[PDB]
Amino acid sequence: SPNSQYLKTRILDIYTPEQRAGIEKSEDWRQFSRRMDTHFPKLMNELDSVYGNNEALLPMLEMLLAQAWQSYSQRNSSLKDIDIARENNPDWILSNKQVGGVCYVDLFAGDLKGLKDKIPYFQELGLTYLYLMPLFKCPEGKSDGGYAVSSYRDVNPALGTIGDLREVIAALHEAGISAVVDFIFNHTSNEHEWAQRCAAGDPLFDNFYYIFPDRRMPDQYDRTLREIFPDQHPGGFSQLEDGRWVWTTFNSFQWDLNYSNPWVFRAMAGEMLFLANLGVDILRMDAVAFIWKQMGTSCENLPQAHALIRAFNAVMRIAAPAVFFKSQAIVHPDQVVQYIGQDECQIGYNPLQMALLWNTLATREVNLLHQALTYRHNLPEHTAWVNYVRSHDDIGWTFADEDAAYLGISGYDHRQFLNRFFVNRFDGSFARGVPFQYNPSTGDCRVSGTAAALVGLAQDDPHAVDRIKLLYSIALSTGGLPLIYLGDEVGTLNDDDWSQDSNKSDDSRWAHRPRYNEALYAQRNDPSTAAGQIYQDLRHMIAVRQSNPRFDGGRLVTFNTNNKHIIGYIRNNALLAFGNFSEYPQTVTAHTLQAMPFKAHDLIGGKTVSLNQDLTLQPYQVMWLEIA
C-alpha cells in the first residue's frame, strides 16, 4: 500500500514548479501534511480491509485525497480554528455544559429564516447543540420525512436556500451552538441523479446501487433480512417498473447505496466534505448498521460497515477535524456500542437507556434499567452517549433478550406487554401512543407518540408532568450529551391531523411530529400550567447540569437502593441521584444509606435531606444529592 509521503507528492503534481514551491510553504499545506501523516495510515488500513486489491482502490484513493486537499484549502479560516480546538479538546462532547435539542425546521419554525429567529429561545433554554432534521431536496409527497434524499447539496426549497443554511449555521455558532445535521449515507431517494443514471444504465454510475434482474438473489437475501417497514414491503427489495429489483431496506423510494463499489465511498466522501465546509459540527450517520451486505448474513453490523465508517472518520481527521460523527444504530445493545469509538463514531444514540426509561415507567420496576446502567453505560475514552427520551422516530424495544433472560424476563412476552401498554391496549394504562409496523409474521411492533402522550398528559393524568421530569432527569444526568426533542419541554401532544393526511396516514410516526404549539410555548413561564411546570422544571435541571461539575463526563456507578421501584446511581462519586418510578411514595431505608453522609443537599428540590433516616420519595420524585 502507498504511504502518506508518496501520495502527498502526487497531490502536489497538479501545480507547476513555481506554484508548488508556494503550496509547500503554505500554512494550510503544513496542516494537511501533518494530519495526513497522523491519520492516513488509518484511512489506508480501513479501505484495504474492505476493498483489498481492487484495481480501483488506488485510483479512487488518490482522487479522494486530491479532493480532500482542495476541500481543506477552501475551508474557511474560522472553521480551521475550530478544527484546531477540537483536535486539542476531543472530550468537548463529554462536558456537562453540553445540552442538545432537535427539531424539524418546517414544523418548528416554518423555514430556515424562521428557525434563525428562534435562536434566542434556544439560548433561553440553554442549548449548546442543535440538530436539524433532513433539510435537503427530497421527493414531493412521500420522502420519509426527508430521509429520501434527492440531493445532498441542494436545500429543500420550502425551507430556503443553501445560502440561508450557511447563515443559520453562522448564527448558531455565534450563539454558542453547534450545528448538527444528518448524513443519510446508506441510501438516497429513487429520484437522486445517481439513482436515475444508475438505473438508466449510465456507465458512470454502474453498480452504485444493488439492482437485480429477477427475484433469485433477492429471495436468497430475504431468507435472513430483517424487515424495517413490513407495512411498505416484505424483505429488503422493491421492484422497478421494468421488472428489475433494487435493494431497499426502507421505503421503496429509498435505494441502498452500494459501498462494495469503492467509487461509491469516494462519491459520498465528497458529499461529506461539502457538508463539513458548511460549518457542520456533527453528522448523524443514518443507519450505519446497513452500509454493508453479504449473502447469508443479516446484512447489519458487518465488519466492513464499521471499517467504512472508520474510513470516513479518518477523512475528517485529515480534511476537517472539527466534524464528529453521531452513530444512529437502533440494534442489539452488543452491536450499538461497537459503532462508538474515537476513530469511528465519537458519539452515538443510547437507545437502550431510552427504551428502558419507558419500560420502567410501565412496569414501575427499575431492574432492566439498573442492569443497563450497571453494565452497558461506561464507554471508551473520548466518546459519549447521546441520551434521549424521544425522537422523530418510533420507540423500538431494543433491550437484550439475553440480559432480560438473566432477570427471568422473556423478551418476546415482555415486548407484547410493553407494546400493548403504550398503545393503550392494557387495563389501566396511562399511555396514549399508537402502533407502528406491527409485523404479523414476527409479532414485533414499535410505538409512536410524543413524550407527553405516552406519560398521560393528553388525559391530564396528574402524574404526567412529573413523569416527564423523571425521564429527562436521567438523560440529563447519567453522563453523556442529552438531546431534547424540542416541543417536549412544554408537553406538546400528538398531531391530530396525520391520520387523515394521505401522505402521512400510513406512517404513525407523524403522530409524534407535531408543529410548534404557540399556546403551550406561551405558557412556559406560568407555573400553574403543565407547559410551565414541565419547562421550568426541565430548565432547572439543565441549569444544574451545566453549572455543577459533578455531572461532568459520562461515567457512572449505580447504587443499589434496595427498592425495586427506585433507580440510583452516582456521578463522579459526588452526586447521588434517586428516581422513583412508582406512582406511589417509595422509600430508601436508613439501613441502605448508612455509608452515606448524614446530610446532603438536593439540587432538585433545593432542600437539605437527612440520609441517616428513612428517605421517602414522593411519586416519580427525583433527587440529585451532593454527597461530595
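A residue's number is simply how far along the shown sequence it sits, counting from 1.
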| task | Between 389-397 and 73-81, name whichever shows the higher mean Cα B factor according to the PDB entry. | result | 73-81
| note | Assert higher mean C-alpha B factor (286-294 or 210-218, deposited values) equals 210-218
| query | Can you tell me which of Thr360, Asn503, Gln335, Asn251 has the highest Cα temperature factor in the record? | reply | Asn503
| Based on the PDB record, which member of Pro203, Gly487, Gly456, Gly479 exhibits the highest Cα temperature factor? | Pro203
| task | Could you say whether, by C-alpha temperature factor, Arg550 belongs to the lowest, middle or highest third of its chain? | result | lowest
| said: Where does the C-alpha B-factor of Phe40 rank in its chain, lowest, middle or highest third? | reply: lowest
| What third of the chain, by the recorded C-alpha B-factor, contains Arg515? | highest
| Third of the chain's Cα B-factor distribution that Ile474 belongs to, per the entry | lowest
| said: Going by the CA temperature factor in the PDB record, which third of the chain does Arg266 belong to: lowest, middle or highest? | reply: middle
